[PDB]
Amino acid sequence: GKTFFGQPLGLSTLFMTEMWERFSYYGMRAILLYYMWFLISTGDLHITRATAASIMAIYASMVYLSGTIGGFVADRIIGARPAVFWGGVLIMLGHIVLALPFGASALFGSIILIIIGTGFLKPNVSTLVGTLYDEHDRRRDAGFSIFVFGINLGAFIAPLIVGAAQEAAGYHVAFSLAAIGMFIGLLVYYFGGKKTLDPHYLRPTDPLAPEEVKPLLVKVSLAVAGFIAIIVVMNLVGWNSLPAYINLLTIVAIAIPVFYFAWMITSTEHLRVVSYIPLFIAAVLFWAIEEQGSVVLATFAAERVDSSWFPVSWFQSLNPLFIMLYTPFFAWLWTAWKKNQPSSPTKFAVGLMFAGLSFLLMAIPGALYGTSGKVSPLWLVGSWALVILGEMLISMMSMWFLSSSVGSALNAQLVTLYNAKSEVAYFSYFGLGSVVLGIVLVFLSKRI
């Protein structure tokens, strides 16, 4: 009987749905930094390029922090399938905002819409993939691997299409393509879902009991009130610049796992929770480096590379391209390698060392040739080749979204240090540091 690569046919609907959402997200991000550079260049947007880079990082951080509660809201309040649909709608609207004939004034509205939308859609589209399978089913992990391939499929073709469109017909048109991408995702999702998805997930699977409603409301109200109080105080004391607000979001993002871990810490349980701290840190630092590809490596692509024969935003395709290219091998690897299939911590250790190697490699062209000229595109190609080796090793949903969010929050401060005069030191020191405490994670690995 017909399947989608051996899997239930529903996977095809969810495959394409996420491929097109990821298309809209990554197509937009492959030109967003350049768009801000452009807005700065015309005097419309009053920030430094450093701050612009910082915005890209905290933006990514908020997008995944939002997903850490998206699952809850679907499971307990609105249902997984409506979460994805209305999430998709909010994302489309976010891209439409940028297609409108506005400038810097439209940036915030776009960002908020996409942050909220992605929080609803991403964890729940992934959750729905699981719903295709009985828990007894063995295909389940193959199904997600296919799903992830779809994620990177969209991530791969989006910069090629949106970037080319930007150079040809301008930014607004290019952003409109992203919106259209999400629109296409919603169409397939809506009509394909009705044919192939369980109507069980039109509603929340664990709806709030009567006595649970008021305490939840109290809880979120106190969080919103406290957050609002801090912003009030910040303006009183004069800490009300954009970087001040970015610093606030950074702190909140990092305070969450810290606050979390610190007071969940019988004696044995205590330690095994403490056992996952270094692995959480490993994921955070790895995703820090991985997410810098769209910021620092994007900057390097635009400023330090001779690629005058194609849109520089196309370098953003190398990351998911390598994912797709590496997948057949690692499929072969994990089967064929049966004994000594290594510690989940070790996969984290090595994965971080590779990330560290990817940056160390980028320290070389400036050390050898200087930083005022331009170097071969192959440095970036080699750099992404290394960091994606790590990502192959690295692959609750919330925690996963959380490690990423903290990584990008860290980036929001780090990437402000990058410039052509810091380049070599920047790459070398953050590169070495990552290798070193990926090695430190080897000393500790089995001590765990």
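Here, rigid core means the biggest group of C-alpha atoms that superpose within 1.5 Å across both forms. So that there is no doubt, residue numbering starts at 1 and follows the sequence shown.
Core superposition of the other structures onto this form places the C-alphas of 279 to 287 farther off in 9 other deposited structures of this protein than those of the other stretch among 279 to 287 and 83 to 91. Between 315 to 323 and 143 to 151, greater CA displacement relative to the shown form is found for 143 to 151 when the structures in 9 other deposited structures of this protein are fitted on the core. Compared with the other entries of this protein, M396 is frequently left unbuilt, missing from a third or more of those that build its neighbours.
Where the other entries of this protein model the residues before and after it, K338 is dropped from at least a third of them. The gap between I265 and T266 holds 4 to 9 unmodelled residues of the deposited sequence.
According to the entry, the deposited sequence has 10 or more residues without coordinates between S395 and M396.
Legend: mean Cα B-factor per stretch from the PDB entry, 113 to 121 versus 234 to 242; the higher mean is in 234 to 242. The mean C-alpha temperature factor is higher for 342 to 350 when 342 to 350 and 283 to 291 are set side by side. Taking the PDB entry at face value, the top CA B factor among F175, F329, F72, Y190 belongs to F329.
The entry assigns its greatest Cα B factor, within the set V273, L378, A298, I91, to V273. Ranked by C-alpha B-factor against the other modelled residues of its chain, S403 falls in the highest third. Looking at the C-alpha B-factors along this chain, the one for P159 belongs to the lowest third.
For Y426, the recorded CA temperature factor ranks within the lowest third of the chain's modelled residues.
Sort the modelled residues of the chain by CA B factor and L107 lands in the middle third. Ranked by Cα temperature factor within the chain, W314 sits in the lowest third according to the deposited record.
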